[PDB]
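File shown: final.cif (mmCIF, C-alpha atoms; chains and numbers go by the auth columns).
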data_upload
loop_
_atom_site.group_PDB
_atom_site.id
_atom_site.type_symbol
_atom_site.label_atom_id
_atom_site.label_comp_id
_atom_site.label_asym_id
_atom_site.label_seq_id
_atom_site.Cartn_x
_atom_site.Cartn_y
_atom_site.Cartn_z
_atom_site.B_iso_or_equiv
_atom_site.auth_seq_id
_atom_site.auth_asym_id
ATOM 1 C CA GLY A 1 94.795 100.755 85.128 0.00 1 Q
ATOM 2 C CA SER A 2 94.828 96.991 85.536 0.00 2 Q
ATOM 3 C CA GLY A 3 96.880 94.381 87.361 0.00 3 Q
ATOM 4 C CA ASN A 4 99.232 93.130 84.670 0.00 4 Q
ATOM 5 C CA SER A 5 102.076 90.700 85.272 0.00 5 Q
ATOM 6 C CA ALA A 6 105.505 90.736 83.582 0.00 6 Q
ATOM 7 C CA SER A 7 105.498 94.488 84.184 0.00 7 Q
ATOM 8 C CA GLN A 8 109.233 94.983 83.734 0.00 8 Q
ATOM 9 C CA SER A 9 108.894 98.451 82.284 0.00 9 Q
ATOM 10 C CA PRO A 10 105.982 100.483 83.707 0.00 10 Q
ATOM 11 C CA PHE A 11 106.198 102.813 80.712 0.00 11 Q
ATOM 12 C CA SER A 12 105.692 100.138 78.055 0.00 12 Q
ATOM 13 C CA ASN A 13 102.613 98.775 79.802 0.00 13 Q
ATOM 14 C CA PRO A 14 99.860 101.457 79.810 0.00 14 Q
ATOM 15 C CA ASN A 15 98.013 99.801 82.697 0.00 15 Q
ATOM 16 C CA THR A 16 101.168 99.672 84.787 0.00 16 Q
ATOM 17 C CA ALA A 17 101.956 103.282 83.871 0.00 17 Q
ATOM 18 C CA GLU A 18 98.572 104.388 85.204 0.00 18 Q
ATOM 19 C CA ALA A 19 99.208 102.563 88.454 0.00 19 Q
ATOM 20 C CA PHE A 20 102.758 103.905 88.586 0.00 20 Q
ATOM 21 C CA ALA A 21 101.602 107.501 88.221 0.00 21 Q
ATOM 22 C CA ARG A 22 98.802 107.170 90.778 0.00 22 Q
ATOM 23 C CA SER A 23 101.075 105.371 93.262 0.00 23 Q
ATOM 24 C CA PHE A 24 103.830 107.934 92.737 0.00 24 Q
ATOM 25 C CA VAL A 25 101.514 110.882 93.412 0.00 25 Q
ATOM 26 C CA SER A 26 100.045 109.023 96.400 0.00 26 Q
ATOM 27 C CA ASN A 27 103.584 109.034 97.797 0.00 27 Q
ATOM 28 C CA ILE A 28 103.944 112.647 96.680 0.00 28 Q
ATOM 29 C CA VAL A 29 101.154 113.753 99.047 0.00 29 Q
ATOM 30 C CA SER A 30 103.459 113.011 101.973 0.00 30 Q
ATOM 31 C CA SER A 31 106.318 114.396 99.892 0.00 31 Q
ATOM 32 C CA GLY A 32 104.385 117.626 99.278 0.00 32 Q
ATOM 33 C CA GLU A 33 105.830 119.212 102.420 0.00 33 Q
ATOM 34 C CA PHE A 34 108.986 119.853 100.367 0.00 34 Q
ATOM 35 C CA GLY A 35 107.323 122.286 97.982 0.00 35 Q
ATOM 36 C CA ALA A 36 104.511 124.716 97.246 0.00 36 Q
ATOM 37 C CA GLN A 37 103.768 122.797 94.045 0.00 37 Q
ATOM 38 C CA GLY A 38 101.733 120.313 96.063 0.00 38 Q
ATOM 39 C CA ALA A 39 100.518 116.807 95.216 0.00 39 Q
ATOM 40 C CA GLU A 40 97.479 118.569 93.782 0.00 40 Q
ATOM 41 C CA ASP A 41 99.302 119.668 90.621 0.00 41 Q
ATOM 42 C CA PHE A 42 100.902 116.249 90.130 0.00 42 Q
ATOM 43 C CA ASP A 43 97.464 114.814 89.314 0.00 43 Q
ATOM 44 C CA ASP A 44 97.770 116.695 86.013 0.00 44 Q
ATOM 45 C CA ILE A 45 101.001 114.820 85.341 0.00 45 Q
ATOM 46 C CA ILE A 46 99.148 111.527 85.842 0.00 46 Q
ATOM 47 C CA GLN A 47 96.659 112.558 83.173 0.00 47 Q
ATOM 48 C CA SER A 48 99.501 113.777 80.971 0.00 48 Q
ATOM 49 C CA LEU A 49 101.387 110.488 81.286 0.00 49 Q
ATOM 50 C CA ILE A 50 98.305 108.460 80.355 0.00 50 Q
ATOM 51 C CA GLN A 51 97.402 110.693 77.404 0.00 51 Q
ATOM 52 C CA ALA A 52 101.017 110.860 76.185 0.00 52 Q
ATOM 53 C CA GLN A 53 101.043 107.076 75.857 0.00 53 Q
ATOM 54 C CA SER A 54 97.975 106.998 73.633 0.00 54 Q
ATOM 55 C CA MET A 55 98.998 110.157 71.762 0.00 55 Q
ATOM 56 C CA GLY A 56 102.394 108.647 71.050 0.00 56 Q
ATOM 57 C CA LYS A 57 105.109 110.807 72.559 0.00 57 Q
ATOM 58 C CA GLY A 58 108.690 109.764 71.992 0.00 58 Q
ATOM 59 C CA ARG A 59 108.225 107.278 69.171 0.00 59 Q
ATOM 60 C CA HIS A 60 105.661 104.947 67.616 0.00 60 Q
ATOM 61 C CA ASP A 61 107.582 101.922 68.876 0.00 61 Q
ATOM 62 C CA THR A 62 106.240 100.847 72.275 0.00 62 Q
ATOM 63 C CA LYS A 63 109.682 99.947 73.622 0.00 63 Q
ATOM 64 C CA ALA A 64 111.233 103.192 72.402 0.00 64 Q
ATOM 65 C CA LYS A 65 108.359 105.364 73.635 0.00 65 Q
ATOM 66 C CA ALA A 66 108.661 103.669 77.033 0.00 66 Q
ATOM 67 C CA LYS A 67 112.347 104.575 77.237 0.00 67 Q
ATOM 68 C CA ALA A 68 111.502 108.116 76.162 0.00 68 Q
ATOM 69 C CA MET A 69 108.702 108.358 78.741 0.00 69 Q
ATOM 70 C CA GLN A 70 110.990 107.629 81.698 0.00 70 Q
ATOM 71 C CA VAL A 71 113.447 110.293 80.513 0.00 71 Q
ATOM 72 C CA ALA A 72 110.630 112.769 79.856 0.00 72 Q
ATOM 73 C CA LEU A 73 109.117 112.035 83.262 0.00 73 Q
ATOM 74 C CA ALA A 74 112.454 112.722 84.947 0.00 74 Q
ATOM 75 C CA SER A 75 112.651 115.981 83.000 0.00 75 Q
ATOM 76 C CA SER A 76 109.121 116.825 84.149 0.00 76 Q
ATOM 77 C CA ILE A 77 110.168 116.283 87.767 0.00 77 Q
ATOM 78 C CA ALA A 78 113.178 118.537 87.201 0.00 78 Q
ATOM 79 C CA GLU A 79 110.942 121.367 85.941 0.00 79 Q
ATOM 80 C CA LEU A 80 108.940 121.066 89.158 0.00 80 Q
ATOM 81 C CA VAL A 81 111.964 120.766 91.440 0.00 81 Q
ATOM 82 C CA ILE A 82 114.060 123.565 89.879 0.00 82 Q
ATOM 83 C CA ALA A 83 111.256 126.041 90.584 0.00 83 Q
ATOM 84 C CA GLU A 84 110.958 124.970 94.187 0.00 84 Q
ATOM 85 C CA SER A 85 114.734 124.574 94.563 0.00 85 Q
ATOM 86 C CA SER A 86 114.873 128.350 94.168 0.00 86 Q
ATOM 87 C CA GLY A 87 113.393 128.615 97.657 0.00 87 Q
ATOM 88 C CA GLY A 88 115.168 125.795 99.442 0.00 88 Q
ATOM 89 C CA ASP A 89 117.963 123.229 99.383 0.00 89 Q
ATOM 90 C CA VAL A 90 118.328 121.272 96.148 0.00 90 Q
ATOM 91 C CA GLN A 91 119.565 118.001 97.686 0.00 91 Q
ATOM 92 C CA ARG A 92 116.942 117.930 100.433 0.00 92 Q
ATOM 93 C CA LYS A 93 114.015 118.492 98.072 0.00 93 Q
ATOM 94 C CA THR A 94 115.487 116.143 95.450 0.00 94 Q
ATOM 95 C CA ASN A 95 115.720 113.465 98.152 0.00 95 Q
ATOM 96 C CA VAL A 96 112.012 113.906 98.916 0.00 96 Q
ATOM 97 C CA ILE A 97 111.052 112.983 95.341 0.00 97 Q
ATOM 98 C CA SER A 98 113.524 110.104 95.574 0.00 98 Q
ATOM 99 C CA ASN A 99 111.583 108.904 98.620 0.00 99 Q
ATOM 100 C CA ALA A 100 108.303 109.006 96.700 0.00 100 Q
ATOM 101 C CA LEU A 101 109.758 107.454 93.545 0.00 101 Q
ATOM 102 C CA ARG A 102 111.404 104.531 95.350 0.00 102 Q
ATOM 103 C CA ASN A 103 108.124 103.431 96.961 0.00 103 Q
ATOM 104 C CA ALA A 104 106.294 103.830 93.652 0.00 104 Q
ATOM 105 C CA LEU A 105 108.693 101.357 92.044 0.00 105 Q
ATOM 106 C CA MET A 106 108.377 98.943 94.973 0.00 106 Q
ATOM 107 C CA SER A 107 104.596 99.089 94.736 0.00 107 Q
ATOM 108 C CA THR A 108 104.342 98.635 90.964 0.00 108 Q
ATOM 109 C CA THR A 109 107.163 96.244 90.061 0.00 109 Q
ATOM 110 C CA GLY A 110 108.184 95.034 93.482 0.00 110 Q
ATOM 111 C CA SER A 111 111.765 95.921 92.681 0.00 111 Q
ATOM 112 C CA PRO A 112 113.449 99.079 94.033 0.00 112 Q
ATOM 113 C CA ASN A 113 115.672 100.279 91.232 0.00 113 Q
ATOM 114 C CA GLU A 114 118.061 102.933 92.552 0.00 114 Q
ATOM 115 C CA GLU A 115 119.553 103.396 89.082 0.00 115 Q
ATOM 116 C CA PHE A 116 116.468 105.130 87.703 0.00 116 Q
ATOM 117 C CA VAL A 117 116.223 107.234 90.857 0.00 117 Q
ATOM 118 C CA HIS A 118 119.868 108.256 90.520 0.00 118 Q
ATOM 119 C CA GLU A 119 119.275 109.106 86.863 0.00 119 Q
ATOM 120 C CA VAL A 120 116.326 111.311 87.813 0.00 120 Q
ATOM 121 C CA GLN A 121 118.356 112.909 90.608 0.00 121 Q
ATOM 122 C CA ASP A 122 121.396 113.449 88.376 0.00 122 Q
ATOM 123 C CA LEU A 123 119.161 114.996 85.726 0.00 123 Q
ATOM 124 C CA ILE A 124 117.612 117.410 88.236 0.00 124 Q
ATOM 125 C CA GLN A 125 120.975 118.342 89.746 0.00 125 Q
ATOM 126 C CA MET A 126 122.561 118.777 86.322 0.00 126 Q
ATOM 127 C CA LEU A 127 119.828 121.129 85.117 0.00 127 Q
ATOM 128 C CA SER A 128 119.889 122.813 88.528 0.00 128 Q
ATOM 129 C CA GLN A 129 123.526 123.858 88.153 0.00 129 Q
ATOM 130 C CA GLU A 130 123.371 124.466 84.408 0.00 130 Q
ATOM 131 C CA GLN A 131 119.974 126.195 84.594 0.00 131 Q
ATOM 132 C CA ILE A 132 118.346 125.526 81.227 0.00 132 Q
ATOM 133 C CA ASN A 133 114.596 125.673 80.661 0.00 133 Q
ATOM 134 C CA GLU A 134 113.166 124.425 77.384 0.00 134 Q
ATOM 135 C CA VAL A 135 109.851 125.963 76.400 0.00 135 Q
#
Can you turn what I pasted into structure tokens?
Amino acid sequence: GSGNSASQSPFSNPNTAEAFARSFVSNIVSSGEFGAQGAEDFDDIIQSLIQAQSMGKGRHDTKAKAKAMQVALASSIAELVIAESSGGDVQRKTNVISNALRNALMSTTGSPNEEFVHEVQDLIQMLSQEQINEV
């Protein structure tokens, strides 16, 4: 990961994505008290995010793959949360990730975008009520 400017989308810029993932999980360590999953497992997600970029998940187009990455990442968080939400309160635990995510944005772009957080939260809550797991 490198310090790149004009980092509007952290998912289109591989260097920014690396920093986003590492910063997010760094927040997650404090967050970890909300689940048995632990910040430890999230390190794998960092590796996954980096590899997925080079592999080419979503689409070949950098802009499109970036947009797909943020959705996929939110889905990844849901998978983690739904498991843990089976042993606690959904809103409380969802809020914890929101706390980690918000700081991650502030650290990487300098702009706290609640919209993305709400989208992640809505996604988790939606799949929480609906209960659908895609293998």
Give the answer as one residue: which of Q:9, Q:83, Q:96, Q:18 has the shortest atom-to-atom distance to residue 116 in chain Q, using all atoms listed in the file? Q:9
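When all atoms listed in the file are used to measure the gap to residue 21 in chain Q, the shortest distance among Q:117, Q:104, Q:3, Q:78 belongs to Q:104.
For the file shown, the residue list from the PyMOL selection byres ((chain Q and resi 124) around 8) reads residues 74, 75, 77, 78, 81, 82, 94, 120, 121, 122, 123, 125, 126, 127 and 128 of chain Q.
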Selection from above, C-alpha atoms, as a compact mmCIF listing (two decimals), in the coordinates of the input, can you write it?
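Dumped everything to result00.txt:
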# COMPACT_ATOMS: atom_id res chain seq x y z
CA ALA Q 74 112.45 112.72 84.95
CA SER Q 75 112.65 115.98 83.00
CA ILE Q 77 110.17 116.28 87.77
CA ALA Q 78 113.18 118.54 87.20
CA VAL Q 81 111.96 120.77 91.44
CA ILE Q 82 114.06 123.56 89.88
CA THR Q 94 115.49 116.14 95.45
CA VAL Q 120 116.33 111.31 87.81
CA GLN Q 121 118.36 112.91 90.61
CA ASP Q 122 121.40 113.45 88.38
CA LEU Q 123 119.16 115.00 85.73
CA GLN Q 125 120.98 118.34 89.75
CA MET Q 126 122.56 118.78 86.32
CA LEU Q 127 119.83 121.13 85.12
CA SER Q 128 119.89 122.81 88.53
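Atom to atom, CA of residue 62 in chain Q and CA of residue 13 in chain Q stand 8.6 Å apart.
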Please evaluate the PyMOL selection byres ((chain Q and resi 49) around 10) against the structure above and give the resulting residues as a PyMOL selection string. chain Q and resi 11+14+17-18+20-21+43-48+50-55+57+69+72-73
Once 3 Å is added on each side, what are the centre and the three edge lengths, in Å to one decimal, of the axis-aligned box enclosing the listed atoms of range 18-26 of chain Q? Present them as lines of an AutoDock Vina configuration file.
center_x = 101.2
center_y = 106.7
center_z = 90.8
size_x = 11.3
size_y = 14.3
size_z = 17.2
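Comparing the minimum interatomic distances between residue 29 in chain Q and each of Q:109, Q:66, Q:101, Q:2, counting all atoms listed in the file, we find that Q:101 sits nearest.
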Show which residues sit within 12 Å of residue 34 in chain Q, as a PyMOL selection string. Count all atoms listed in the file, and ignore same-chain residues fewer than 3 positions away. chain Q and resi 28-31+37-39+80-81+83-85+87-100
I'd like the interatomic distance between CA of residue 36 in chain Q and CA of residue 16 in chain Q, to a tenth of an Å. 28.2 Å
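With all atoms listed in the file as the atoms that count, the residue of Q:24, Q:42, Q:1, Q:118 with the shortest distance to residue 76 in chain Q is Q:42.
You will find CA of residue 22 in chain Q at 20.9 Å from CA of residue 119 in chain Q.
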Range 62-93 of chain Q rebuilt with N, CA and C atoms, output as a PDB file, in the frame of the given file:
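Generated output (selection_7.pdb):
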ATOM      1  N   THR Q  62     106.632 100.925  70.869  1.00  0.00           N
ATOM      2  CA  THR Q  62     106.240 100.847  72.275  1.00  0.00           C
ATOM      3  C   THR Q  62     107.453 100.812  73.209  1.00  0.00           C
ATOM      4  N   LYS Q  63     108.484 100.086  72.808  1.00  0.00           N
ATOM      5  CA  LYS Q  63     109.682  99.947  73.622  1.00  0.00           C
ATOM      6  C   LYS Q  63     110.436 101.271  73.675  1.00  0.00           C
ATOM      7  N   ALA Q  64     110.542 101.914  72.519  1.00  0.00           N
ATOM      8  CA  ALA Q  64     111.233 103.192  72.402  1.00  0.00           C
ATOM      9  C   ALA Q  64     110.488 104.301  73.135  1.00  0.00           C
ATOM     10  N   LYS Q  65     109.167 104.344  72.978  1.00  0.00           N
ATOM     11  CA  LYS Q  65     108.359 105.364  73.635  1.00  0.00           C
ATOM     12  C   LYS Q  65     108.440 105.202  75.150  1.00  0.00           C
ATOM     13  N   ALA Q  66     108.517 103.956  75.610  1.00  0.00           N
ATOM     14  CA  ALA Q  66     108.661 103.669  77.033  1.00  0.00           C
ATOM     15  C   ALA Q  66     109.955 104.268  77.578  1.00  0.00           C
ATOM     16  N   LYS Q  67     111.042 104.056  76.847  1.00  0.00           N
ATOM     17  CA  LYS Q  67     112.347 104.575  77.237  1.00  0.00           C
ATOM     18  C   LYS Q  67     112.354 106.100  77.207  1.00  0.00           C
ATOM     19  N   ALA Q  68     111.620 106.669  76.265  1.00  0.00           N
ATOM     20  CA  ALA Q  68     111.502 108.116  76.162  1.00  0.00           C
ATOM     21  C   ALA Q  68     110.649 108.676  77.298  1.00  0.00           C
ATOM     22  N   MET Q  69     109.614 107.933  77.679  1.00  0.00           N
ATOM     23  CA  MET Q  69     108.702 108.358  78.741  1.00  0.00           C
ATOM     24  C   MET Q  69     109.422 108.528  80.074  1.00  0.00           C
ATOM     25  N   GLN Q  70     110.272 107.570  80.427  1.00  0.00           N
ATOM     26  CA  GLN Q  70     110.990 107.629  81.698  1.00  0.00           C
ATOM     27  C   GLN Q  70     111.936 108.830  81.740  1.00  0.00           C
ATOM     28  N   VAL Q  71     112.576 109.125  80.611  1.00  0.00           N
ATOM     29  CA  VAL Q  71     113.447 110.293  80.513  1.00  0.00           C
ATOM     30  C   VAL Q  71     112.628 111.580  80.595  1.00  0.00           C
ATOM     31  N   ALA Q  72     111.516 111.609  79.868  1.00  0.00           N
ATOM     32  CA  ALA Q  72     110.630 112.769  79.856  1.00  0.00           C
ATOM     33  C   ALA Q  72     110.038 113.018  81.238  1.00  0.00           C
ATOM     34  N   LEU Q  73     109.684 111.939  81.927  1.00  0.00           N
ATOM     35  CA  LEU Q  73     109.117 112.035  83.262  1.00  0.00           C
ATOM     36  C   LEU Q  73     110.131 112.639  84.229  1.00  0.00           C
ATOM     37  N   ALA Q  74     111.376 112.187  84.127  1.00  0.00           N
ATOM     38  CA  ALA Q  74     112.454 112.722  84.947  1.00  0.00           C
ATOM     39  C   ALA Q  74     112.650 114.211  84.672  1.00  0.00           C
ATOM     40  N   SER Q  75     112.543 114.586  83.401  1.00  0.00           N
ATOM     41  CA  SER Q  75     112.651 115.981  83.000  1.00  0.00           C
ATOM     42  C   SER Q  75     111.487 116.787  83.577  1.00  0.00           C
ATOM     43  N   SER Q  76     110.302 116.185  83.589  1.00  0.00           N
ATOM     44  CA  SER Q  76     109.121 116.825  84.149  1.00  0.00           C
ATOM     45  C   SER Q  76     109.324 117.104  85.636  1.00  0.00           C
ATOM     46  N   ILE Q  77     109.875 116.126  86.349  1.00  0.00           N
ATOM     47  CA  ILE Q  77     110.168 116.283  87.767  1.00  0.00           C
ATOM     48  C   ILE Q  77     111.162 117.418  87.981  1.00  0.00           C
ATOM     49  N   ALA Q  78     112.170 117.489  87.116  1.00  0.00           N
ATOM     50  CA  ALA Q  78     113.178 118.537  87.201  1.00  0.00           C
ATOM     51  C   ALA Q  78     112.539 119.919  87.107  1.00  0.00           C
ATOM     52  N   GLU Q  79     111.653 120.096  86.130  1.00  0.00           N
ATOM     53  CA  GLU Q  79     110.942 121.367  85.941  1.00  0.00           C
ATOM     54  C   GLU Q  79     110.247 121.793  87.231  1.00  0.00           C
ATOM     55  N   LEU Q  80     109.629 120.827  87.897  1.00  0.00           N
ATOM     56  CA  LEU Q  80     108.940 121.066  89.158  1.00  0.00           C
ATOM     57  C   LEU Q  80     109.932 121.413  90.265  1.00  0.00           C
ATOM     58  N   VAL Q  81     110.991 120.620  90.364  1.00  0.00           N
ATOM     59  CA  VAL Q  81     111.964 120.766  91.440  1.00  0.00           C
ATOM     60  C   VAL Q  81     112.776 122.052  91.307  1.00  0.00           C
ATOM     61  N   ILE Q  82     113.220 122.380  90.092  1.00  0.00           N
ATOM     62  CA  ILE Q  82     114.060 123.565  89.879  1.00  0.00           C
ATOM     63  C   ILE Q  82     113.360 124.825  90.385  1.00  0.00           C
ATOM     64  N   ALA Q  83     112.060 124.917  90.119  1.00  0.00           N
ATOM     65  CA  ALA Q  83     111.256 126.041  90.584  1.00  0.00           C
ATOM     66  C   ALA Q  83     111.305 126.151  92.099  1.00  0.00           C
ATOM     67  N   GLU Q  84     111.038 125.034  92.747  1.00  0.00           N
ATOM     68  CA  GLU Q  84     110.958 124.970  94.187  1.00  0.00           C
ATOM     69  C   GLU Q  84     112.352 125.067  94.816  1.00  0.00           C
ATOM     70  N   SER Q  85     113.348 124.556  94.103  1.00  0.00           N
ATOM     71  CA  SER Q  85     114.734 124.574  94.563  1.00  0.00           C
ATOM     72  C   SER Q  85     115.260 126.006  94.649  1.00  0.00           C
ATOM     73  N   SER Q  86     114.505 126.947  94.103  1.00  0.00           N
ATOM     74  CA  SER Q  86     114.873 128.350  94.168  1.00  0.00           C
ATOM     75  C   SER Q  86     114.455 128.957  95.510  1.00  0.00           C
ATOM     76  N   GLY Q  87     113.801 128.153  96.344  1.00  0.00           N
ATOM     77  CA  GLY Q  87     113.393 128.615  97.657  1.00  0.00           C
ATOM     78  C   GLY Q  87     113.768 127.635  98.753  1.00  0.00           C
ATOM     79  N   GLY Q  88     114.756 126.794  98.478  1.00  0.00           N
ATOM     80  CA  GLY Q  88     115.168 125.795  99.442  1.00  0.00           C
ATOM     81  C   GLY Q  88     116.465 125.124  99.053  1.00  0.00           C
ATOM     82  N   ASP Q  89     116.759 123.999  99.689  1.00  0.00           N
ATOM     83  CA  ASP Q  89     117.963 123.229  99.383  1.00  0.00           C
ATOM     84  C   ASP Q  89     117.674 122.198  98.299  1.00  0.00           C
ATOM     85  N   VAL Q  90     118.535 122.150  97.291  1.00  0.00           N
ATOM     86  CA  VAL Q  90     118.328 121.272  96.148  1.00  0.00           C
ATOM     87  C   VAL Q  90     118.375 119.793  96.545  1.00  0.00           C
ATOM     88  N   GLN Q  91     119.372 119.404  97.334  1.00  0.00           N
ATOM     89  CA  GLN Q  91     119.565 118.001  97.686  1.00  0.00           C
ATOM     90  C   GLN Q  91     118.442 117.491  98.577  1.00  0.00           C
ATOM     91  N   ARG Q  92     118.002 118.323  99.512  1.00  0.00           N
ATOM     92  CA  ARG Q  92     116.942 117.930 100.433  1.00  0.00           C
ATOM     93  C   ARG Q  92     115.642 117.670  99.683  1.00  0.00           C
ATOM     94  N   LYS Q  93     115.254 118.611  98.834  1.00  0.00           N
ATOM     95  CA  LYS Q  93     114.015 118.492  98.072  1.00  0.00           C
ATOM     96  C   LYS Q  93     114.098 117.366  97.040  1.00  0.00           C
TER      97      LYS Q  93
END
